[PDB]
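Colleague: Pasting in a structure now, in structure tokens, and then I'll have a few things to ask.
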Amino acid sequence: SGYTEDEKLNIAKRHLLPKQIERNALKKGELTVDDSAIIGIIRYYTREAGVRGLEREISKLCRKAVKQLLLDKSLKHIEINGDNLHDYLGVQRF
């Protein structure tokens, strides 16, 4: 059976998020995604036993953040949590 949310969170924290931050041309402390945002991604933007939808949205997350820093160099770091997640990912899906 499918991952629990704790499981998904650990996979996101150890792998998904480091991998996508890199890919999206972000440096180490330019982007903070707290645990309440990943959960939020899990609960409202995915519907799945594994983590590919989780990964897709984390990716979209990092892509938007890097475009934010590009479109405004007065930004040094982006903070995402459960409350502004939808500003990056749009209208919740589920």
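Residues are named by chain letter and number: chains run A, B, ... in the order of the structure tokens, numbers start at 1 in each chain, and ligands are numbered from 1 in the order shown.
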Chain A: which residues are strand (DSSP E) by DSSP, as a PyMOL selection string?
Modeller: chain A and resi 31-33+78-80
Colleague: Write out as an mmCIF file with C-alpha atoms, in the first residue's frame which residues come within 7 Å of residue A:44 when counting only C-alpha atoms, dropping same-chain ones fewer than 3 positions away.
Modeller:
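In the end it all went to part.cif:
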data_model
loop_
_atom_site.group_PDB
_atom_site.id
_atom_site.type_symbol
_atom_site.label_atom_id
_atom_site.label_comp_id
_atom_site.auth_asym_id
_atom_site.auth_seq_id
_atom_site.Cartn_x
_atom_site.Cartn_y
_atom_site.Cartn_z
ATOM 1 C CA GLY A 40 -0.421 21.145 1.519
ATOM 2 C CA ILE A 41 0.945 19.908 -1.838
ATOM 3 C CA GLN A 92 -6.366 23.732 -5.292
ATOM 4 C CA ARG A 93 -7.183 20.680 -7.332
ATOM 5 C CA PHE A 94 -8.441 18.146 -4.697
#
Colleague: Which is closest to residue A:17 among A:36, A:46, A:59, A:4, if we use only C-alpha atoms?
Modeller: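 Smallest distance to residue A:17 is found for A:59.
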Colleague: Measuring atom to atom with only C-alpha atoms, identify which of A:1, A:74, A:68, A:24 is nearest to residue A:88.
Modeller: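 That would be A:68, the residue with the smallest distance to residue A:88.
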Colleague: For each of A:49, A:38, A:25, A:54, take the minimum atom-to-atom distance to residue A:80, counting only C-alpha atoms, then give the residue where this is smallest.
Modeller: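 Answer, going by the shortest atom-to-atom distance: A:38.
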Colleague: I need the residue nearest residue A:19 from this list: A:72, A:55, A:35, A:6. Use only C-alpha atoms for the distance.
Modeller: A:55
Colleague: State, in Å with one decimal place, the distance from atom CA of residue A:67 to atom CA of residue A:31.
Modeller: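 Those two atoms sit 11.9 Å apart.
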Colleague: Identify, with DSSP run on backbone atoms, the residues in chain A assigned to alpha helix (DSSP H), and express the list as a VMD selection string.
Modeller: chain A and resid 5 to 11 17 to 23 35 to 45 52 to 70 85 to 89
Colleague: Given only C-alpha atoms as the basis, pick out the residue of A:32, A:22, A:47, A:58 nearest to residue A:2.
Modeller: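 Smallest separation from residue A:2 among the options: A:47.
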Colleague: Skip residue A:8 itself and residues of its chain fewer than 2 positions away, then list as a VMD selection string all residues within 9 Å of it, counting only C-alpha atoms.
Modeller: chain A and resid 3 to 6 10 to 13 38 to 39 42 50 to 51 54
Colleague: Which of these residues is nearest to residue A:87, using only C-alpha atoms: A:56, A:64, A:28, A:15?
Modeller: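 Comparing A:56, A:64, A:28, A:15 against residue A:87, the winner is A:64.
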